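Working notes, structure below.
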Amino acid sequence: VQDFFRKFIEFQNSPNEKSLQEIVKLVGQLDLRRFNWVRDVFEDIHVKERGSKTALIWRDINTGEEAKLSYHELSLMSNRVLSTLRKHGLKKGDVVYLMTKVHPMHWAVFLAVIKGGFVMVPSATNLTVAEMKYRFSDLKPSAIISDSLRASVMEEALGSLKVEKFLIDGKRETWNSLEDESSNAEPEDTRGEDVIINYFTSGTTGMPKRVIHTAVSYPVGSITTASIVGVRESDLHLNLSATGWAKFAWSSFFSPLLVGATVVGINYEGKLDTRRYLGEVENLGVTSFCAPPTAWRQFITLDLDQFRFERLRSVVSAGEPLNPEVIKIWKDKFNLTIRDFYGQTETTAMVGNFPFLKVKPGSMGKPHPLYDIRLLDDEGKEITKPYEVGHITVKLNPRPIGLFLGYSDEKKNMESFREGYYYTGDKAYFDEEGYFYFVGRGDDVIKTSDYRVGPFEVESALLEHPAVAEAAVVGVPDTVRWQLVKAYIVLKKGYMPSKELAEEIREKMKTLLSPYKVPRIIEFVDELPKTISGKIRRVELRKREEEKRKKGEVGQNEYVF
Amino acid sequence: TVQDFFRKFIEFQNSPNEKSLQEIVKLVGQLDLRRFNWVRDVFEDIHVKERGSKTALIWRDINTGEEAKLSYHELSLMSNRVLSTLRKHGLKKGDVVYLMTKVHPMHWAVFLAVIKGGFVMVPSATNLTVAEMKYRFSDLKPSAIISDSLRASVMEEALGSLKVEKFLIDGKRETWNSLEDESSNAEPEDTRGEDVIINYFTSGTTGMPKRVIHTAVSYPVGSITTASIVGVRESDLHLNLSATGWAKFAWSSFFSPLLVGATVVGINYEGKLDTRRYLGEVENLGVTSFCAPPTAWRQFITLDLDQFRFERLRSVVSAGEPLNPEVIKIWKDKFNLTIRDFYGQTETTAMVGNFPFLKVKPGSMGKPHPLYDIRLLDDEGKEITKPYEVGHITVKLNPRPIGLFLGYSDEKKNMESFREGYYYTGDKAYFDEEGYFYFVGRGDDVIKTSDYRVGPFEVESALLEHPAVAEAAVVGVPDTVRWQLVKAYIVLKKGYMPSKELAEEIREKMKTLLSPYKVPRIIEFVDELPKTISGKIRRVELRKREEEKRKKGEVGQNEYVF
Amino acid sequence: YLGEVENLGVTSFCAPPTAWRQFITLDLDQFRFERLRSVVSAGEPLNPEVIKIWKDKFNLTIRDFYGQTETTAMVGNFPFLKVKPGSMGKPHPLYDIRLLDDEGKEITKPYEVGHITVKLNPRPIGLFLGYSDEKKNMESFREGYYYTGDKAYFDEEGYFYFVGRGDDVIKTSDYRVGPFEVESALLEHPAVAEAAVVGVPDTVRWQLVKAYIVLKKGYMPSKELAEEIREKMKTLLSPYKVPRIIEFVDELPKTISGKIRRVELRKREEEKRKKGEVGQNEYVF
Amino acid sequence: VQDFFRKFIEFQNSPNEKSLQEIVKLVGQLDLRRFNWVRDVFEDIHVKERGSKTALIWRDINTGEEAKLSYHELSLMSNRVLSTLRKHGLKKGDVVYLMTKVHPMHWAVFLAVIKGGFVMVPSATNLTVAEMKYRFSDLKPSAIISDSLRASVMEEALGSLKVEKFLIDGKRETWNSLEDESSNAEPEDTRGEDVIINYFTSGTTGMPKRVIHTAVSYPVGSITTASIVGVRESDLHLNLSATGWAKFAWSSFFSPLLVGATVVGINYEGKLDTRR
Ligand SMILES: CC(=O)OP(=O)(O)OC[C@H]1O[C@@H](n2cnc3c(N)ncnc32)[C@H](O)[C@@H]1O
Ligand SMILES: Nc1ncnc2c1ncn2[C@@H]1O[C@H](COP(=O)(O)O)[C@@H](O)[C@H]1O
Ligand SMILES: Nc1ncnc2c1ncn2[C@@H]1O[C@H](COP(=O)(O)O)[C@@H](O)[C@H]1O
């Protein structure tokens, strides 16, 4: 059980196809009835074997602060969290919202939750009072944990609920410290199928729902991720990614701590300083770096002769496609291939260009053998022809380990899991050597700037404005953000289409929505293309935008910001 | 136009029809209800003026024997002494008044005084516990409270030591006041039509009970729809069998009869309904229009019905639950009357109904009242255009119908009920090829035992108050007598063993916390509750399992029926 | 209960077919029963399929045996006796057991059904003294035989097979039930003019108690009435006796004399079963 | 053109070569895009024009039991079935195994299935636990329907697969009745090419496979059969065949009910007694 990860860690130091398959087989034979990744892996293969190796190197590029934590200090610090939580009467399964910046105490809380068998809800720091109140309606908090920078937002969204509140940095009235109880509490003997994580994620139909992950799905699924990423024990590993999302669990937390590596974490407020971040990469001698194509696109526009990166060995991308031209520029300069790979909040990494895999540009590589990946056509028959597009699906008998339990929405489960497959809602084709190529969403779900965006959620917030009668939100091609959020608005009788109105509505949306969700374009239209029932055909809104692009024509009341 | 409306309406009542209904509809739309006060404008200005000395109320208590008769005049006087006495104790417009009494003239009196004085009345039922009442006070603080002497201690204990003015409708008690102390002349409050006069605490599927907010027109003028479906006239003696703290008392014991200048008949009884004696009193008092709930109706038809003639009875009606086709038929075959079912919620007035002129199809609540825009929507929220297709009963909001509440005192609950231009009733139905509606059931987990709406969480909560109870799930189980039974599934804490004596001990505790209708009639102890991936109780599968067990007439291993 | 059987290492176990029927539905790989050597059933017939499932698993035959309150065991598959499924075995030599026909002559031919009787000269030892009721003695003790009121046939090896009651006595869930007792209790409801209680086939409980009720003038047939009457019966009758079905009828089939044909109420139920219909005023609980 | 069947029925009362050819040509001009033989032929022609003609005369030569059903009573009885199935949550295309003796309720269920757009899998009464398990491996049941004589075989072949189960004669624990619902359910608007029947047939190479029939292939193909057979409306028509095969549909069901005849059905257990 312990022996498994020691074999895994070796696999990493020189991986290949064949040895991967052995790893695969061995996972199937783990006994995972009672499992707790902190106790069993963190504490019993790292705190014990490398307890005073650096687990985490942290740095805030604004403040300048640095902090360095060994596997020991980190395990202690996390126990003080879990002791403090338990002291405030937190039983197993209790809900804990976690909204903090990148900071050691983030990792700490992660650990305390996993160990204590709590349900953590990662909450992003750019979430609005509105978004947070939505979350509370859907899943009531037993405790919430914030930094002092976003305490007001939680305080306001909470309103008049009893919860236990906690600050990771600084004091605030009726908030508590996390390091003031004893750094000894015991494991919760968790079932491997027990819930530890809920991720609110956007869908194509309704408001965002919780994706449910267990004490093995992420803690042991992340193998697939770690394996594609090619993170080793020797590595100093950084993931450019934010605090409320899956990619952090993926590569800022699980994948590095699985293999006993040194995590590198960098915090910044506001806008990313491309140069400053890359300076901190080189300056801290990171060896493995995962960043999103959004970031990569911005990096390659720097003067890259200002860097050596002698210490950097692995570079990876995920969440959107990776332009062949990006890959090439970075290679020609630093002699490294940015290895793209694929997955969702609902899963771990499912497909990827592994270290040992020859990259074909604009291909996310081949399936990880721990997922049974199939292209299905519209009728749900399996595609076994090259260059034919279909739905990316996961075969459910046997049920892969890294796959979420389901959504907190039983209807959405009925749409996504069926005839013994889970549909990712992504479309692709494969080639003659089994390399997969991402085509796009079969959904109306949007990805601006490596953020998953649900239409209804923006449409909803739009109907909050007195002027707005109807709204349809679609994503439009943009080289920098992949997609832009555009809104079609039908106006109530009484209001007329002006730029000043468009702006007024946008500024309203800024108080209700996460920035990435606030439409960059607004177009007033007399009506929305609809089916006979009255369902919006967001498909045809998109097609129409395309034909308009090819004749460089603006809509009559289309307002760009 | 404003007085003339009611005079046109009262005629529609004496002989109604499709076409003349539509005219009534149109005329309501052209009322000026910007500043309106139903007591001044209708009670006083029409009824007290034109029929001041006709009997407004005939009252009887079947237990005590006590009886009363009040004319529209005496009642208006009586009500003014109330309003004068309230004002004397410093009651301004919008002030909250809990009213917890038996059926009694002074109840009507207070209703009037409240509406006229522009106060916010909170109808409170007489079977509410100290606990329930304290909950209410946490949610809305009382400026004054009004009780009978039978439930004064309950108010006194739930109050604790809040400042309030207190009032007794029958007898003396220390620090309680009389309501007939000041002069029977104090003036209307000029209410806006949208001003609040009523708040109703109602159960939901999700949490503790919240307030439904009604205005000086929503009930006082919405009730038209009700009165119209009911078919109450001026010449009628109209009895509604309903208890004091709920929307149906307003609907049929108060507004619908007094709108059309009828004689109200009010019958009070404590405790358990004596079907044989109540129907004897109906006949004996020559009621002519009778609303009763299907629960009552179900009990009546089991009598030997050759005991009664019902010489004087011409209209019979039901509301609040479905009305079994077999009930309708038995009563018809005997007395040659159709019991007309009709539909609505605390949140509304009557929205759908078998009107007097409408051919009844049994097990249908009839057709929508044209003063509400009723739509069946499917799951995606698109309007249903096909017979025998089930969907959500909704109210279209532009324009906003008149009898519809303002909203809940809870903004989360408003966000659920008011969506994409529709207020969802959370009821499901299908219509037929002639546009008759058939009730299917709740989209919710809300329960209706014995014509009382019951919230699961409320009872689940009270159950966790018992040391032994680790988890609880409260569902309604099919029951012919009360439509649904409140059953609790209980997971036990380690230490306590599933026994009849334990089930009882828990139940008797729940009796001190919960209104009787809420106290589970069954308690079944289980190892676990079937759950989704979320942790949410599959009340779905609890019901399916109950069904398979019913077909083998077997109880669960530790299911205790009381 | 099965856990406690194993846990206490019982070696001989007698339960009724009702129990046995319920046991075989369990997942029976939970149990070893390493200490159990004898298993027996009595009070109603023992389905061949029950016997088989228990044998295939635990390697024991559930040995059926027959008797009544009035007696001790009169017929039975003894330990040494090859069990033929659906047979209660052979007569115990301390009772003189005879199949008689309706005319009271002894049946000596295989596969012919008759009344199970006990020959009384000399009088077997385990046989009750009689009833405290002289009428009931007149019916049971006749021409030097006690009639059990059970019907059976024997085969070519003298093995007895249960057919059913020649009475109107009912056996729900291994409890013997009298019609008149339930009919009596039913007259206690003001609405009830007459009542006829019969048993209807049920695989779980052998028979269900059904009541046919004629109503007094004034009351009309409803489900709500049926229920009201049943709930009343619950306060008067042991639960096994409380009718699971109530059917309102205009009249009860009668002979020329006016005697209720409970026989024909049963036959009618059978014809209805064979076209899978429930009745027009039959209310199932 | 439903006038087709009225022309067909007459063709039957006195056929010949020439008039046959007309029938042929008229079938080619049918609109079979949306079709439902129960609604369109059974109900709309026969129940309407001869509702109180005897549809079925039934006898069990072993028990003695006999039944006589008019086109009306049969249509009602079938609706009770379909109502009951729907009540247990049966959508169109759902699989229904049907294993019963020759009995009225068999025809009833046939009708309910065709009307309700279900996929029926006729299963003969002599099929073993093994053979039935094979069937379930190949196509999973949503519901199964048996007589009480073969309930244990279904129960055992199922093991504990979730299905709705139904008995045509008698009660049994966790089996449901078919006539406790309403005497009217609405037609399923079937496409003509929609599947309503699957028949497990033996072949040379493997274990048995399913033959797939549609809402027209049998319900309208049977014409050819009915025309060769020469069955008329006036006739009392008996087909000696067993319940889980094509020849039952062919001649105990479709060919007679196409032309509005009286079906005669005889049930026996065990070996055929040719002189009785
Ligand atoms: C067991 C007991 O004492 O029963 P008891 O309550 O006195 O009733 C006696 C009646 O039980 C029935 N009965 C008893 N044993 C049976 C068996 N092996 N097979 C079938 N029926 C059986 C008969 O019908 C008896 O006449
Ligand atoms: N390599 C990739 N190329 C294109 N899209 C990707 C890639 N990796 C992930 N995605 C998208 O990211 C989605 C999941 O979003 P999230 O759950 O936020 O990681 C997938 O459904 C894809 O649509
Ligand atoms: N006639 C009726 N038939 C069926 N359900 C009804 C009927 N009237 C009321 N109900 C139910 O009772 C609810 C009204 O609750 P209340 O606010 O207590 O009157 C409705 O939302 C229905 O779901």
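Just so we're on the same page: first chain in the structure tokens is A, next is B, and so on; residues restart at 1 for each chain, and ligands are numbered from 1 in the order they show up.
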Kindly provide, as a VMD selection string, all nucleotide and amino acid residues lying within 7 Å of ligand 3, counting only C-alpha atoms and all ligand atoms. chain B and resid 247 to 248 319 to 323 341 to 347 365 425 to 427 439 441 to 442 448 451 to 453
Up to 10 Å from chain D, what residues of chain B turn up? Count only C-alpha atoms and give them as an NGL selection string. :B and (388 or 548-549 or 551-552)
Could you list, as a ChimeraX atom specification, every residue within 7 Å of residue 122 of chain A, counting only C-alpha atoms and ignoring same-chain residues fewer than 6 positions away? /A:97-99,199,244-245
Hey, can you spit out that residue selection with C-alpha atoms as an mmCIF file, in the first residue's frame?
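Once written, selection_1.cif looks like this:
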```cif
data_model
loop_
_atom_site.group_PDB
_atom_site.id
_atom_site.type_symbol
_atom_site.label_atom_id
_atom_site.label_comp_id
_atom_site.auth_asym_id
_atom_site.auth_seq_id
_atom_site.Cartn_x
_atom_site.Cartn_y
_atom_site.Cartn_z
ATOM 1 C CA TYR A 97 -15.336 26.585 2.743
ATOM 2 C CA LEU A 98 -11.787 27.636 1.990
ATOM 3 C CA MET A 99 -11.085 30.952 0.389
ATOM 4 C CA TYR A 199 -16.087 21.664 -6.467
ATOM 5 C CA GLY A 244 -10.479 27.727 -5.668
ATOM 6 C CA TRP A 245 -10.104 25.234 -8.521
#
```
Give me, as a PyMOL selection string, the set of residues whose atoms come within 9 Å of any atom of ligand 2, counting only C-alpha atoms and all ligand atoms. chain A and resi 201-202+245-247+293+317-322+340-347+349+351-352+362-365+424-427+437-441+445-447+450-453
Please extract the residues of segment 124-184 of chain B with a backbone DSSP assignment of strand (DSSP E) and present them as a list in words.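 Answer for segment 124-184 of chain B restricted to strand (DSSP E) is residues 144, 145, 146, 147, 165, 166, 167 and 168 of chain B.
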Can you tell me which residues come within 7 Å of ligand 1 when counting only C-alpha atoms and all ligand atoms, ideally as a PyMOL selection string? chain C and resi 42-46+64-70+88+148-150+162+164-165+174-176
With only C-alpha atoms considered, list every residue of chain C at most 10 Å from chain B, as a PyMOL selection string. chain C and resi 190-191+202+204-205+216-229+244+284-285
Point-to-point distance from atom CA of residue 404 of chain B to atom CA of residue 206 of chain B, Å rounded to tenths: 21.5 Å
Using only C-alpha atoms, which residues sit within 7 Å of residue 324 of chain A once same-chain residues fewer than 3 positions away are excluded, as a PDB file with N, CA and C atoms, in the first residue's frame?
```
ATOM      1  N   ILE A 327       4.421  26.218 -28.584  1.00  0.00           N
ATOM      2  CA  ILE A 327       5.258  25.087 -28.219  1.00  0.00           C
ATOM      3  C   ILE A 327       6.646  25.281 -28.814  1.00  0.00           C
ATOM      4  N   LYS A 328       6.649  25.685 -30.091  1.00  0.00           N
ATOM      5  CA  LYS A 328       7.837  25.818 -30.912  1.00  0.00           C
ATOM      6  C   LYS A 328       8.738  26.962 -30.444  1.00  0.00           C
ATOM      7  N   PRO A 361       2.022  18.227 -32.576  1.00  0.00           N
ATOM      8  CA  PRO A 361       1.497  19.515 -32.108  1.00  0.00           C
ATOM      9  C   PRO A 361      -0.009  19.671 -32.325  1.00  0.00           C
ATOM     10  N   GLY A 362      -0.659  20.293 -31.331  1.00  0.00           N
ATOM     11  CA  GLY A 362      -2.108  20.398 -31.259  1.00  0.00           C
ATOM     12  C   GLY A 362      -2.807  19.066 -30.971  1.00  0.00           C
TER      13      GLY A 362
END
```
Within 8 Å of segment 238-255 of chain D using only C-alpha atoms, minus same-chain residues under 3 positions, as an mmCIF file with N, CA and C atoms, in the first residue's frame:
```cif
data_model
loop_
_atom_site.group_PDB
_atom_site.id
_atom_site.type_symbol
_atom_site.label_atom_id
_atom_site.label_comp_id
_atom_site.auth_asym_id
_atom_site.auth_seq_id
_atom_site.Cartn_x
_atom_site.Cartn_y
_atom_site.Cartn_z
ATOM 1 N N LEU D 98 -42.871 -12.050 -22.065
ATOM 2 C CA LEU D 98 -44.224 -12.546 -21.912
ATOM 3 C C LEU D 98 -44.226 -14.059 -22.018
ATOM 4 N N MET D 99 -44.496 -14.681 -20.873
ATOM 5 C CA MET D 99 -44.451 -16.128 -20.761
ATOM 6 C C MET D 99 -45.765 -16.589 -20.139
ATOM 7 N N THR D 100 -46.741 -16.924 -20.994
ATOM 8 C CA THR D 100 -47.983 -17.439 -20.441
ATOM 9 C C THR D 100 -48.567 -18.516 -21.348
ATOM 10 N N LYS D 101 -49.474 -19.268 -20.721
ATOM 11 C CA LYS D 101 -50.342 -20.210 -21.401
ATOM 12 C C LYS D 101 -51.274 -19.465 -22.343
ATOM 13 N N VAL D 102 -51.968 -20.237 -23.190
ATOM 14 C CA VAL D 102 -53.074 -19.736 -23.975
ATOM 15 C C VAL D 102 -54.191 -19.329 -23.004
ATOM 16 N N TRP D 107 -53.902 -12.293 -25.150
ATOM 17 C CA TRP D 107 -54.313 -11.364 -26.199
ATOM 18 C C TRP D 107 -54.325 -9.958 -25.634
ATOM 19 N N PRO D 122 -41.812 -12.558 -26.737
ATOM 20 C CA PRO D 122 -42.599 -13.762 -26.493
ATOM 21 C C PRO D 122 -41.652 -14.857 -26.031
ATOM 22 N N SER D 123 -42.020 -15.427 -24.888
ATOM 23 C CA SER D 123 -41.278 -16.530 -24.307
ATOM 24 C C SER D 123 -42.233 -17.696 -24.100
ATOM 25 N N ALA D 124 -41.861 -18.873 -24.601
ATOM 26 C CA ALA D 124 -42.716 -20.037 -24.470
ATOM 27 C C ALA D 124 -42.682 -20.564 -23.031
ATOM 28 N N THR D 125 -43.735 -21.314 -22.658
ATOM 29 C CA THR D 125 -43.910 -21.767 -21.277
ATOM 30 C C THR D 125 -43.006 -22.934 -20.877
ATOM 31 N N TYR D 199 -38.024 -11.781 -31.242
ATOM 32 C CA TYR D 199 -38.145 -13.231 -31.221
ATOM 33 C C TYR D 199 -36.749 -13.866 -31.193
ATOM 34 N N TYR D 218 -45.235 -7.105 -38.836
ATOM 35 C CA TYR D 218 -46.212 -8.140 -38.482
ATOM 36 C C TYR D 218 -47.642 -7.577 -38.621
ATOM 37 N N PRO D 219 -47.953 -6.437 -37.969
ATOM 38 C CA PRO D 219 -49.330 -5.927 -37.988
ATOM 39 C C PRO D 219 -49.900 -5.678 -39.390
ATOM 40 N N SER D 222 -48.988 -9.410 -42.008
ATOM 41 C CA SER D 222 -49.901 -10.539 -41.762
ATOM 42 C C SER D 222 -50.978 -10.651 -42.832
ATOM 43 N N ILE D 223 -51.272 -9.521 -43.511
ATOM 44 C CA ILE D 223 -52.128 -9.510 -44.694
ATOM 45 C C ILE D 223 -51.817 -10.714 -45.587
ATOM 46 N N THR D 225 -50.413 -13.399 -44.991
ATOM 47 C CA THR D 225 -50.815 -14.606 -44.285
ATOM 48 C C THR D 225 -52.341 -14.760 -44.357
ATOM 49 N N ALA D 226 -53.049 -13.777 -43.818
ATOM 50 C CA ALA D 226 -54.502 -13.739 -43.786
ATOM 51 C C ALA D 226 -55.121 -14.048 -45.166
ATOM 52 N N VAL D 231 -58.957 -16.397 -44.077
ATOM 53 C CA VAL D 231 -59.758 -16.115 -42.889
ATOM 54 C C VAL D 231 -60.668 -14.890 -43.128
ATOM 55 N N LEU D 258 -57.121 -8.936 -37.865
ATOM 56 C CA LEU D 258 -57.119 -8.103 -39.074
ATOM 57 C C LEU D 258 -58.495 -8.041 -39.730
ATOM 58 N N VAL D 259 -59.152 -9.198 -39.883
ATOM 59 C CA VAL D 259 -60.392 -9.315 -40.630
ATOM 60 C C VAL D 259 -61.602 -9.324 -39.696
ATOM 61 N N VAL D 263 -61.704 -15.188 -32.811
ATOM 62 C CA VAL D 263 -60.556 -16.034 -32.498
ATOM 63 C C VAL D 263 -61.061 -17.158 -31.602
ATOM 64 N N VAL D 264 -60.598 -18.382 -31.868
ATOM 65 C CA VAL D 264 -60.859 -19.476 -30.960
ATOM 66 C C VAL D 264 -59.501 -19.931 -30.400
ATOM 67 N N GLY D 265 -59.400 -20.007 -29.068
ATOM 68 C CA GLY D 265 -58.148 -20.362 -28.422
ATOM 69 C C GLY D 265 -58.354 -21.533 -27.467
ATOM 70 N N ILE D 266 -57.476 -22.554 -27.577
ATOM 71 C CA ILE D 266 -57.528 -23.741 -26.732
ATOM 72 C C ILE D 266 -56.156 -23.938 -26.110
#
```
Tell me as a PyMOL selection string which residues belonging to chain C come within 12 Å of chain D, counting only C-alpha atoms. chain C and resi 21-22+25+27+49+53+200-208+269-284
Just want the 7 Å neighbourhood of segment 160-166 of chain A, counted on only C-alpha atoms, with same-chain residues fewer than 3 positions away dropped. Output as a PyMOL selection string. chain A and resi 88+141-146+175-178
If you run DSSP over the backbone, which residues in segment 129-203 of chain C end up alpha helix (DSSP H)? Put them as a ChimeraX atom specification. /C:134-140,179-187
Store the residues picked out above, limited to C-alpha atoms, as a CSV table (one decimal), in the first residue's frame.
```
chain,number,residue,atom,x,y,z
C,134,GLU,CA,-71.4,-30.5,23.1
C,135,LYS,CA,-72.5,-29.5,19.7
C,136,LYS,CA,-68.9,-29.5,18.4
C,137,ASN,CA,-68.3,-32.9,19.9
C,138,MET,CA,-71.4,-34.1,18.0
C,139,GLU,CA,-69.7,-33.0,14.7
C,140,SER,CA,-66.2,-34.2,15.4
C,179,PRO,CA,-65.1,-17.2,10.6
C,180,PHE,CA,-68.0,-16.5,13.0
C,181,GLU,CA,-65.6,-14.9,15.4
C,182,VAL,CA,-64.6,-12.3,12.8
C,183,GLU,CA,-68.2,-12.1,11.4
C,184,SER,CA,-69.3,-11.4,15.1
C,185,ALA,CA,-66.8,-8.7,15.6
C,186,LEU,CA,-67.9,-7.1,12.3
C,187,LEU,CA,-71.6,-6.9,13.4
```
Please identify every residue of chain A that has at least one atom no more than 9 Å from any atom of chain B, counting only C-alpha atoms, and report them as a list in words.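 Residues of chain A within 9 Å of chain B, counting only C-alpha atoms: residues 137, 195, 210, 212, 405, 406, 407, 408, 409, 410, 460, 463, 533, 534 and 535 of chain A.
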Using only C-alpha atoms, which protein or nucleic acid residues come within 8 Å of segment 229-233 of chain B? Drop anything in the same chain fewer than 5 positions from it, and give the result as a list in words. residues 10, 13, 14, 238, 256, 257, 260, 261, 262, 289, 291, 315, 317, 340, 342, 350, 353, 354, 355 and 356 of chain B
Please, what distance in Å, to one decimal, runs between atom CA of residue 399 of chain A and atom CA of residue 417 of chain A?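 A separation of 11.5 Å between them.
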Two-atom distance - atom CA of residue 70 of chain D, atom CA of residue 113 of chain D (Å):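 So the two atoms, atom CA of residue 70 of chain D and atom CA of residue 113 of chain D, lie 19.2 Å apart.
Closest approach to residue 101 of chain B among B:120, B:542, B:83, B:169: B:169, based on only C-alpha atoms.
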